[PDB]
There are 6 protein chains.
Amino acid sequence: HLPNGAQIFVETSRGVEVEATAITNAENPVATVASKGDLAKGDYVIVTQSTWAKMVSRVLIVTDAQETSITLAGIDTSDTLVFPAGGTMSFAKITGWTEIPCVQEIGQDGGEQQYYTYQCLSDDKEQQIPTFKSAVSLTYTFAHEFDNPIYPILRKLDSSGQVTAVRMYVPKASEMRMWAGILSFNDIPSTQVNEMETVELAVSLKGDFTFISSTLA
Amino acid sequence: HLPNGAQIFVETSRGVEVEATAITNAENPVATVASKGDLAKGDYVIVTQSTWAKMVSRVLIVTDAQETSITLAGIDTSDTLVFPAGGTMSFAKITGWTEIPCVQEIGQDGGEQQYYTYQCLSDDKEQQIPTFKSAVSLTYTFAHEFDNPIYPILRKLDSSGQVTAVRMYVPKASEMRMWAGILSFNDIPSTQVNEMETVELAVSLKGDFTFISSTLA
Amino acid sequence: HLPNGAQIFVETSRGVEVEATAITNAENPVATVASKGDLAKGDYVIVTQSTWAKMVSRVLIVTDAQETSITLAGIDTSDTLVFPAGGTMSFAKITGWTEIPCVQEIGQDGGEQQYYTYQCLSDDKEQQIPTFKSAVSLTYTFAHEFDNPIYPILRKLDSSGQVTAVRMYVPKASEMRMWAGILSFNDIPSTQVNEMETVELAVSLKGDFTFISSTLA
Amino acid sequence: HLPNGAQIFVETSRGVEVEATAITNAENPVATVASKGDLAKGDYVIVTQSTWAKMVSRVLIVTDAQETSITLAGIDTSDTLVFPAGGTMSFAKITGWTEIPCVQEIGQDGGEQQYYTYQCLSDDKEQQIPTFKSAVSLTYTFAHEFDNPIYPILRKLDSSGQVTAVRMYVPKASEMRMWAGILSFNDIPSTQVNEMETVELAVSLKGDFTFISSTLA
Amino acid sequence: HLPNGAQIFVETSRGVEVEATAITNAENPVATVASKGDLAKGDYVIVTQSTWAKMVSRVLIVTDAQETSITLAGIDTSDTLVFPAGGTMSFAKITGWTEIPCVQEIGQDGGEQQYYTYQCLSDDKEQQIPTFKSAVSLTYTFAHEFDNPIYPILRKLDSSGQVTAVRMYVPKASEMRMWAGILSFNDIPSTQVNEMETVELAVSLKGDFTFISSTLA
Amino acid sequence: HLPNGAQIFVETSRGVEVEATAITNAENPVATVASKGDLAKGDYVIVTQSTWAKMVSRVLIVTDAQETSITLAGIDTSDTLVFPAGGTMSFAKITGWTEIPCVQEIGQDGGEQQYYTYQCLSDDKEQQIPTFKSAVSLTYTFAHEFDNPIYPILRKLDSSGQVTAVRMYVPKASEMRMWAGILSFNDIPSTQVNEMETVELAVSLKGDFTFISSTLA
């Protein structure tokens with residue numbers, strides 16, 4: 001298993017909102033949407049709002065294109081009791097994607113669980129209570145091509161903060177990952193003699209990673 | 001003595017609670033439990049609560065499967081007076097284990113004894129007294145395989161804080177080490193060209209290490 | 001694409017102010033200036049003041065030399081609604097340029113977006129909102145020649161703070177980069193045996209980079 | 001002079017207290033103890049309490065075994081007037097020793113004299129006066145063997161703080177160095193592939209080093 | 001252009017003060033001094049006081065030895081309006097120079113322009129205004145020779161703070177640089193086996209560097 | 001000029017105090033002492049107290065052994081007016097010296113001039129006033145030999161603070177340096193396999209370095 005050959009894409013445009021009245025809570029979630037509009041098999045959907053704590057901004061996939069009962073399989077399993085019975089959801093389908101020219105470095109900063117420390121007289125050692133998990137950000141570095149159409153799109157997405165979707169596909173394991181976040185795009189290119197010029201892009205997560213097989217497509 | 005060939009497992013499920021009315025204090029502790037349930041020889045049991053200060057969250061082994069008096073031999077010796085006469089214990093038996101795919105790096109952070117400093121007009125040099133010992137955290141790095149069934153188990157154990165049990169068996173010296181702690185599992189895999197993808201797991205100890213021979217099994 | 005052969009020029013002199021009454025907001029902006037004075041095709045014009053938030057100190061190039069309607073093509077697109085209908089802009093024409101003798105190192109310091117953090121009782125995790133982007137400073141290092149006419153010009157520009165214009169041309173991609181900022185010029189030369197002497201220059205950015213093709217000229 | 005071949009031993013057990021009424025203050029101190037008990041020549045005695053400021057916890061060796069006058073030769077010389085005329089001392093006889101399996105690294109941290117700084121109006125430069133000397137801690141790293149009997153002894157010594165005695169013998173110079181301190185014993189073994197496992201021990205110094213020749217024995 | 005062969009001298013003695021009643025402000029300044037005393041061509045003079053803000057402690061060269069109107073050509077040009085009309089100046093002529101034996105390393109610390117930051121409610125980004133420029137310090141390291149007559153001179157100049165003059169002449173480009181500052185001279189020589197002993201000298205600038213051609217002499 | 005072959009000695013003992021009523025202030029100082037006692041040619045003297053600001057604890061050499069007029073030539077020249085007319089001095093002669101076994105590393109820490117920074121409303125740049133020079137300390141590292149007689153002497157000098165004298169002689173340049181300070185002597189030897197054991201000593205200056213030729217002796 002090697003990461004060679006993987007390529008990363010970003011969202012271009014999204015359609016109008018679609019409302020899901022009811023969601024089943026087991027294995028692959030099922031969304032009961034009346035008169036679905038252009039939701040075939042294999043499309044990608046971004047959840048924009050919900051009342052189920054998780055799954056707020058996580059990208060999912062539609063496997064069944066039924067008229068009234070859309071089954072957004074994806075990865076998330078709602079069988080756990082953490083998600084209560086009553087649940088609402090709103091999602092938008094993605095239209096197209098654009099590929100980053102030449103990624104040469106991927107690095108991630110963040111994570112780690114924060115704790116609250118206390119000690120009473122009875123206690124012999126200091127005790128801790130978990131409080132929350134810090135944020136995670138990634139930086140991508142790619143080559144400089146001022147004619148590349150990705151530059152206006154990145155500039156526009158940076159101008160107005162919006163939770164876009166990012167996809168990257170690894171061919172060796174036929175595995176597909178998806179996440180959503182805000183994009184802040186630097187554009188001043190660092191130049192060094194006898195070395196290619198590079199530009200750097202940063203993403204701040206708003207959800208969790210999704211792992212699927214490429215067979216679903 | 002070389003550490004090559006050692007493999008690490010984690011707890012998968014545990015049985016119902018078992019109560020021990022009385023414990024002897026010498027060499028191998030003996031638990032007087034009426035009508036023991038499926039406590040065969042070689043089993044692995046975790047202590048969940050007790051009033052003997054130590055042994056709160058330490059994993060032990062039963063050697064005798066007597067009807068009313070099981071002998072929790074383990075490693076710990078309670079002969080010292082530190083453990084008082086009257087003592088109660090509750091322990092749960094472990095059912096199955098799951099092995100981490102490919103551990104490539106093991107690191108530990110923590111330890112060290114904290115002191116409190118003071119000085120009087122009579123004293124010529126600053127004096128110190130011990131107060132308590134800091135915590136210990138362990139990190140493991142293993143390869144990325146999104147189909148591996150260990151991922152749902154680790155995600156579930158990370159979701160709800162629970163003091164699970166971890167075991168590592170070294171064949172060269174025929175040692176088996178057991179400890180208990182909380183698991184926090186990251187899942188974002190770092191990628192670098194011409195290098196495998198890695199994921200990292202973290203453990204925070206809640207007890208002390210146990211050293212046994214593999215002959216007991 | 002290689003950066004070899006690129007050369008950097010600075011400002012020498014600028015003409016009197018020219019006022020634009022009305023500005024078209026789409027693709028290439030058009031400035032309606034009555035009786036334009038010496039605004040031939042290919043000239044470089046720096047914006048000194050405006051009421052459109054952006055374009056405050058960004059360098060542009062004219063393509064049409066019409067008597068009453070000069071088209072400041074540049075790169076900036078005013079089609080976005082961010083720029084309101086009513087708008088004014090004043091620009092100065094650049095006369096000549098002077099080349100830095102021998103640039104040996106280019107480095108950039110700055111960037112990054114600052115955030116404001118808050119957390120409510122209802123929120124489960126800490127939330128962030130962007131506030132503003134930090135400044136960017138560029139440094140250039142070139143060889144020491146005390147007879148070079150660029151030295152008095154740079155010293156004069158450093159003495160009285162003025163937002164001058166800088167151009168650097170990359171021949172491999174036929175791309176021209178322009179930006180404006182303040183110049184602070186150090187002149188003490190560092191000397192080391194068996195090594196040439198160097199003098200360092202610094203620029204404080206005041207605008208945004210403009211990327212154009214060299215065919216416009 | 002090379003340190004190869006040196007081996008380190010620790011305390012195992014000590015006898016009952018023995019009281020000294022009068023102490024001679026010159027060269028080798030002489031202790032006047034009525035009816036000494038099993039104080040044969042070459043024995044190791046650790047001082048537990050005294051009123052002579054120094055010699056509080058410094059290890060010494062007897063050379064003479066007279067019925068009422070034992071000579072604690074050691075290295076310490078009491079000829080200096082710092083020790084007053086009237087003096088008392090109590091010491092304990094050491095029974096046996098235990099050798100650390102395989103020391104691979106010895107490191108020290110501490111020392112240095114702290115100062116107090118002041119400056120008057122009349123003074124032209126800042127002046128300093130010494131206050132006291134900081135503490136010293138030693139660390140040892142040795143291989144991991146869970147059957148080694150030294151492990152229970154070290155764990156017991158760590159459990160209850162006691163000022164034990166440590167000896168290390170260098171054969172090349174035939175020199176014996178002794179000191180006393182508290183032992184805090186870590187036991188989590190660090191593991192790395194293609195490398196032996198190690199455990200680390202720490203000692204907090206409580207006295208002063210004694211240098212003697214091995215001919216005394 | 002290579003710095004090899006350059007040698008550095010320091011001031012040894014200076015003459016009595018000379019007062020300049022009037023100074024012209026263009027290109028080479030001209031000082032109208034009645035009955036000039038021994039001001040031959042090619043001489044070196046340091047300015048000790050003036051009311052023209054700059055030129056306070058900058059070393060210059062006289063090119064004309066006229067009876068009443070000496071022309072202090074130097075490097076500085078007073079044509080700028082920054083220097084007002086009415087101006088007074090006092091300068092002292094230098095007599096002799098002494099050369100540092102063997103300079104092996106030259107390093108400079110200081111520079112950089114300090115800013116003051118503020119932000120208003122109306123402003124969208126933080127704004128800055130310059131306040132002042134920091135100082136510059138130079139260090140020289142040369143070989144140890146206790147018989148060298150330069151040592152008493154440096155010790156004397158260090159004892160009483162005085163703004164001496166320093167000159168360095170580079171033969172490859174025929175440049176001669178002059179600056180003034182205070183000298184603080186360390187004398188403890190660092191010793192290392194199989195390496196020469198070195199001593200270090202430090203200079204704190206009080207003015208600006210002067211760049212001239214060696215043809216003036 | 002190489003430092004190879006240099007050896008360092010420390011003071012062993014000193015004689016009774018000798019009082020100087022009058023001192024001449026020019027080149028080599030001359031001390032008017034009635035009925036000098038055993039002050040031949042070539043001896044070393046330590047000034048213990050004086051009212052001449054400098055020369056408080058600086059080692060000097062006696063060249064003339066006259067009955068009433070001792071000429072402490074040394075290095076210091078009192079011709080400067082800084083030393084006033086009236087002056088008293090007390091010095092003690094040194095008896096013997098002891099050599100450090102094997103110095104392998106010499107390092108110095110300290111120096112640098114401290115400044116006081118202020119700025120007025122009228123000033124354009126921040127100004128500084130020198131206040132005082134920091135202290136200087138040196139560390140010596142030598143091999144471990146527990147039989148070496150220098151160890152009791154160093155321990156005794158460390159026990160009671162005293163401004164002893166240290167001398168080190170460089171044979172290549174026939175130069176002799178002398179300084180005075182307090183000695184703090186560590187004795188715990190660091191040991192490493194296949195490496196010799198070392199001990200470290202530290203000195204804190206109370207005076208200035210003296211440079212002479214070895215011909216004086």
# chains A, B, ... in the order shown; residues from 1 in each chain; ligands from 1
>>> residues_around(residues="residue B:12", least_positions_apart="2", cutoff="8 Å", atoms="only C-alpha atoms", output="ChimeraX atom specification")
/B:10,14,94-98,153
>>> interface_residues(of="chain A", to="chain C", cutoff="9 Å", atoms="only C-alpha atoms", output="VMD selection string")
chain A and resid 131 to 135 144 to 146 184 186 to 188 190 to 197
>>> residues_around(residues="residue C:137", least_positions_apart="5", cutoff="7 Å", atoms="only C-alpha atoms", output="list in words")
residues 108, 109, 110, 203, 204 and 205 of chain C
>>> residues_around(residues="residue C:141", least_positions_apart="4", cutoff="9 Å", atoms="only C-alpha atoms", output="number ranges by chain")
C: 102-106, 198-202
>>> residues_around(residues="residue D:34", least_positions_apart="4", cutoff="8 Å", atoms="only C-alpha atoms", output="MDAnalysis selection string")
chainID D and resid 67:69
>>> write_last_selection(atoms="N, CA, C and O atoms", output="compact mmCIF listing (two decimals), in the first residue's frame")
# COMPACT_ATOMS: atom_id res chain seq x y z
N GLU D 67 37.46 -3.35 71.59
CA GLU D 67 36.25 -3.64 72.35
C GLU D 67 35.46 -2.37 72.65
O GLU D 67 34.23 -2.35 72.55
N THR D 68 36.16 -1.30 73.02
CA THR D 68 35.50 -0.07 73.44
C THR D 68 35.83 1.14 72.57
O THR D 68 35.25 2.21 72.79
N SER D 69 36.73 1.00 71.59
CA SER D 69 37.16 2.13 70.77
C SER D 69 37.27 1.68 69.31
O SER D 69 38.30 1.18 68.87
>>> atom_distance(atom1="atom CA of residue A:24", atom2="atom CA of residue A:43")
20.0 Å
>>> select_by_dssp(residues="stretch 93-201 of chain B", states="alpha helix (DSSP H)", output="number ranges by chain")
B: 150-159
>>> residues_around(residues="residue A:40", least_positions_apart="4", cutoff="12 Å", atoms="only C-alpha atoms", output="ChimeraX atom specification")
/A:36,44-45,61-67,70-72,93-94,217
>>> atom_distance(atom1="atom CA of residue E:30", atom2="atom CA of residue E:50")
14.4 Å
>>> select_by_dssp(residues="chain C", states="strand (DSSP E)", output="PyMOL selection string")
chain C and resi 7-20+30-31+44-50+59-65+70-72+89-99+103-110+113-118+127-133+136-143+164-170+175-185+190-192+195-205+210-213
>>> write_last_selection(atoms="C-alpha atoms", output="mmCIF file, in the first residue's frame")
data_model
loop_
_atom_site.group_PDB
_atom_site.id
_atom_site.type_symbol
_atom_site.label_atom_id
_atom_site.label_comp_id
_atom_site.auth_asym_id
_atom_site.auth_seq_id
_atom_site.Cartn_x
_atom_site.Cartn_y
_atom_site.Cartn_z
ATOM 1 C CA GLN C 7 15.111 40.528 -12.852
ATOM 2 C CA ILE C 8 13.572 43.061 -10.465
ATOM 3 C CA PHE C 9 13.033 46.793 -11.000
ATOM 4 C CA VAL C 10 11.872 49.609 -8.724
ATOM 5 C CA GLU C 11 10.272 53.024 -9.089
ATOM 6 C CA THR C 12 12.221 56.074 -10.247
ATOM 7 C CA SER C 13 9.668 58.860 -10.778
ATOM 8 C CA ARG C 14 5.945 59.398 -11.253
ATOM 9 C CA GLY C 15 3.812 62.012 -12.964
ATOM 10 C CA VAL C 16 1.077 64.292 -11.696
ATOM 11 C CA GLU C 17 -2.232 62.963 -10.404
ATOM 12 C CA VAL C 18 -5.013 61.992 -12.819
ATOM 13 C CA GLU C 19 -8.629 61.763 -11.655
ATOM 14 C CA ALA C 20 -11.236 59.228 -12.811
ATOM 15 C CA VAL C 30 -12.844 51.292 -17.577
ATOM 16 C CA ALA C 31 -11.945 54.761 -16.292
ATOM 17 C CA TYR C 44 2.122 51.364 -15.703
ATOM 18 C CA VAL C 45 -0.245 53.247 -13.392
ATOM 19 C CA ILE C 46 -0.382 53.038 -9.593
ATOM 20 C CA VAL C 47 -3.623 53.810 -7.742
ATOM 21 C CA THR C 48 -3.096 56.293 -4.910
ATOM 22 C CA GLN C 49 -6.625 56.722 -3.529
ATOM 23 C CA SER C 50 -10.106 55.312 -4.084
ATOM 24 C CA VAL C 59 -0.551 48.483 -9.820
ATOM 25 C CA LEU C 60 -2.441 48.189 -13.117
ATOM 26 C CA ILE C 61 -1.751 48.472 -16.860
ATOM 27 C CA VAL C 62 -3.841 50.300 -19.472
ATOM 28 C CA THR C 63 -4.669 48.624 -22.781
ATOM 29 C CA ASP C 64 -6.812 51.265 -24.514
ATOM 30 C CA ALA C 65 -5.634 54.863 -24.916
ATOM 31 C CA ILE C 70 -9.060 54.576 -20.550
ATOM 32 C CA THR C 71 -9.406 50.853 -19.819
ATOM 33 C CA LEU C 72 -7.352 49.819 -16.774
ATOM 34 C CA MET C 89 -10.072 56.489 -8.271
ATOM 35 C CA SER C 90 -6.902 58.537 -8.750
ATOM 36 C CA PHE C 91 -3.753 57.117 -10.337
ATOM 37 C CA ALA C 92 -0.230 58.254 -11.205
ATOM 38 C CA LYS C 93 1.737 57.308 -14.319
ATOM 39 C CA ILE C 94 5.161 55.717 -13.843
ATOM 40 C CA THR C 95 8.061 57.123 -15.872
ATOM 41 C CA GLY C 96 11.129 54.889 -15.519
ATOM 42 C CA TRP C 97 12.551 51.869 -13.725
ATOM 43 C CA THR C 98 15.876 50.863 -12.171
ATOM 44 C CA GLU C 99 17.197 47.309 -11.860
ATOM 45 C CA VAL C 103 19.663 39.347 -6.317
ATOM 46 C CA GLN C 104 20.928 36.219 -4.560
ATOM 47 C CA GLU C 105 18.143 35.405 -2.073
ATOM 48 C CA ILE C 106 14.421 36.163 -1.762
ATOM 49 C CA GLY C 107 12.478 35.467 1.420
ATOM 50 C CA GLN C 108 9.009 36.298 2.697
ATOM 51 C CA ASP C 109 7.789 36.689 6.286
ATOM 52 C CA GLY C 110 4.160 37.177 7.231
ATOM 53 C CA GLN C 113 -5.077 34.693 9.521
ATOM 54 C CA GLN C 114 -5.740 35.729 13.112
ATOM 55 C CA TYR C 115 -8.736 34.306 14.961
ATOM 56 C CA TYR C 116 -10.931 35.215 17.923
ATOM 57 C CA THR C 117 -11.938 32.341 20.202
ATOM 58 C CA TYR C 118 -15.029 32.038 22.390
ATOM 59 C CA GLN C 127 -15.605 28.092 18.306
ATOM 60 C CA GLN C 128 -13.630 30.618 16.268
ATOM 61 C CA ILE C 129 -14.405 33.551 13.986
ATOM 62 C CA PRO C 130 -11.847 35.267 11.717
ATOM 63 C CA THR C 131 -10.808 38.843 12.482
ATOM 64 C CA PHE C 132 -8.125 39.942 9.969
ATOM 65 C CA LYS C 133 -5.006 38.895 8.061
ATOM 66 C CA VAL C 136 3.654 40.520 4.811
ATOM 67 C CA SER C 137 7.273 41.669 4.505
ATOM 68 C CA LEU C 138 9.776 40.738 1.788
ATOM 69 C CA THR C 139 13.580 40.799 1.980
ATOM 70 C CA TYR C 140 16.095 40.964 -0.870
ATOM 71 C CA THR C 141 19.860 40.457 -0.703
ATOM 72 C CA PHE C 142 22.151 41.798 -3.417
ATOM 73 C CA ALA C 143 25.846 42.397 -3.977
ATOM 74 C CA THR C 164 6.527 52.949 -4.451
ATOM 75 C CA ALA C 165 5.964 50.261 -7.080
ATOM 76 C CA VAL C 166 8.097 47.171 -7.715
ATOM 77 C CA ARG C 167 8.110 44.935 -10.800
ATOM 78 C CA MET C 168 9.794 41.576 -11.372
ATOM 79 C CA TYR C 169 9.649 39.714 -14.680
ATOM 80 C CA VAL C 170 9.966 35.941 -15.109
ATOM 81 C CA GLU C 175 4.675 36.489 -16.479
ATOM 82 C CA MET C 176 4.965 39.890 -14.814
ATOM 83 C CA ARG C 177 4.428 40.462 -11.090
ATOM 84 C CA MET C 178 3.736 43.894 -9.624
ATOM 85 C CA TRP C 179 3.159 45.114 -6.071
ATOM 86 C CA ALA C 180 3.533 48.279 -4.007
ATOM 87 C CA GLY C 181 5.019 48.921 -0.582
ATOM 88 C CA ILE C 182 7.433 50.878 1.576
ATOM 89 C CA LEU C 183 11.190 50.379 1.191
ATOM 90 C CA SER C 184 13.607 50.401 4.133
ATOM 91 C CA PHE C 185 17.193 50.043 2.931
ATOM 92 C CA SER C 190 28.634 42.116 5.762
ATOM 93 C CA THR C 191 32.123 40.925 4.878
ATOM 94 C CA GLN C 192 33.593 37.437 5.079
ATOM 95 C CA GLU C 195 33.048 35.450 0.033
ATOM 96 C CA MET C 196 31.419 38.389 -1.701
ATOM 97 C CA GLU C 197 29.892 41.244 0.298
ATOM 98 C CA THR C 198 26.111 41.600 0.486
ATOM 99 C CA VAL C 199 23.611 44.372 1.220
ATOM 100 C CA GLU C 200 20.049 43.641 2.301
ATOM 101 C CA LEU C 201 16.807 45.422 1.402
ATOM 102 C CA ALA C 202 13.317 45.074 2.889
ATOM 103 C CA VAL C 203 9.827 45.839 1.555
ATOM 104 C CA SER C 204 6.609 46.157 3.581
ATOM 105 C CA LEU C 205 3.657 45.062 1.455
ATOM 106 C CA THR C 210 -0.965 41.131 -9.754
ATOM 107 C CA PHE C 211 -0.235 38.339 -12.245
ATOM 108 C CA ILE C 212 -0.314 39.183 -15.960
ATOM 109 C CA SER C 213 1.149 37.823 -19.173
#
>>> closest_residue(among="C:154, C:56, C:73, C:163", to="residue C:29", atoms="only C-alpha atoms")
C:73
>>> atom_distance(atom1="atom CA of residue B:79", atom2="atom CA of residue B:22")
14.6 Å
>>> decode(residues="stretch 154-175 of chain C", atoms="N, CA and C atoms", output="mmCIF file, in the first residue's frame")
data_model
loop_
_atom_site.group_PDB
_atom_site.id
_atom_site.type_symbol
_atom_site.label_atom_id
_atom_site.label_comp_id
_atom_site.auth_asym_id
_atom_site.auth_seq_id
_atom_site.Cartn_x
_atom_site.Cartn_y
_atom_site.Cartn_z
ATOM 1 N N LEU C 154 17.560 54.543 -3.560
ATOM 2 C CA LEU C 154 17.013 53.755 -2.463
ATOM 3 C C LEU C 154 17.118 54.504 -1.145
ATOM 4 N N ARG C 155 18.227 55.212 -0.927
ATOM 5 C CA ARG C 155 18.384 55.979 0.304
ATOM 6 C C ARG C 155 17.346 57.094 0.390
ATOM 7 N N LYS C 156 17.101 57.782 -0.727
ATOM 8 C CA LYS C 156 16.086 58.831 -0.753
ATOM 9 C C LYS C 156 14.695 58.258 -0.509
ATOM 10 N N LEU C 157 14.392 57.111 -1.122
ATOM 11 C CA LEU C 157 13.087 56.489 -0.913
ATOM 12 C C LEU C 157 12.915 56.039 0.531
ATOM 13 N N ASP C 158 14.001 55.600 1.167
ATOM 14 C CA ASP C 158 13.924 55.207 2.570
ATOM 15 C C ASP C 158 13.748 56.418 3.476
ATOM 16 N N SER C 159 14.357 57.550 3.113
ATOM 17 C CA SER C 159 14.303 58.728 3.977
ATOM 18 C C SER C 159 12.869 59.197 4.188
ATOM 19 N N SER C 160 12.109 59.340 3.106
ATOM 20 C CA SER C 160 10.722 59.796 3.170
ATOM 21 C C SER C 160 9.827 58.640 2.743
ATOM 22 N N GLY C 161 9.024 58.140 3.678
ATOM 23 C CA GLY C 161 8.158 57.013 3.397
ATOM 24 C C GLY C 161 7.175 57.272 2.277
ATOM 25 N N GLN C 162 7.241 56.456 1.230
ATOM 26 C CA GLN C 162 6.354 56.596 0.088
ATOM 27 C C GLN C 162 6.068 55.212 -0.470
ATOM 28 N N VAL C 163 4.825 55.002 -0.894
ATOM 29 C CA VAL C 163 4.408 53.695 -1.386
ATOM 30 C C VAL C 163 4.801 53.560 -2.851
ATOM 31 N N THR C 164 6.024 53.098 -3.096
ATOM 32 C CA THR C 164 6.527 52.949 -4.451
ATOM 33 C C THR C 164 6.071 51.622 -5.051
ATOM 34 N N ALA C 165 6.386 51.433 -6.329
ATOM 35 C CA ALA C 165 5.964 50.261 -7.080
ATOM 36 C C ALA C 165 7.178 49.430 -7.470
ATOM 37 N N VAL C 166 7.026 48.111 -7.409
ATOM 38 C CA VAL C 166 8.097 47.171 -7.715
ATOM 39 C C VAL C 166 7.592 46.173 -8.746
ATOM 40 N N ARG C 167 8.427 45.883 -9.743
ATOM 41 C CA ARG C 167 8.110 44.935 -10.800
ATOM 42 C C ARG C 167 9.218 43.900 -10.909
ATOM 43 N N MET C 168 8.837 42.645 -11.129
ATOM 44 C CA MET C 168 9.794 41.576 -11.372
ATOM 45 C C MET C 168 9.246 40.664 -12.459
ATOM 46 N N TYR C 169 10.084 40.359 -13.447
ATOM 47 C CA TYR C 169 9.649 39.714 -14.680
ATOM 48 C C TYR C 169 10.307 38.350 -14.811
ATOM 49 N N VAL C 170 9.492 37.316 -14.979
ATOM 50 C CA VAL C 170 9.966 35.941 -15.109
ATOM 51 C C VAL C 170 9.881 35.549 -16.580
ATOM 52 N N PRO C 171 11.005 35.282 -17.252
ATOM 53 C CA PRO C 171 10.943 35.044 -18.701
ATOM 54 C C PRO C 171 10.452 33.658 -19.081
ATOM 55 N N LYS C 172 10.649 32.651 -18.227
ATOM 56 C CA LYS C 172 10.294 31.283 -18.600
ATOM 57 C C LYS C 172 8.793 31.133 -18.821
ATOM 58 N N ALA C 173 7.983 31.763 -17.974
ATOM 59 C CA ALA C 173 6.533 31.722 -18.116
ATOM 60 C C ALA C 173 5.970 32.989 -18.744
ATOM 61 N N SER C 174 6.825 33.959 -19.072
ATOM 62 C CA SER C 174 6.397 35.238 -19.642
ATOM 63 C C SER C 174 5.343 35.911 -18.765
ATOM 64 N N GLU C 175 5.605 35.950 -17.462
ATOM 65 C CA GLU C 175 4.675 36.489 -16.479
ATOM 66 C C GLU C 175 5.300 37.695 -15.791
#
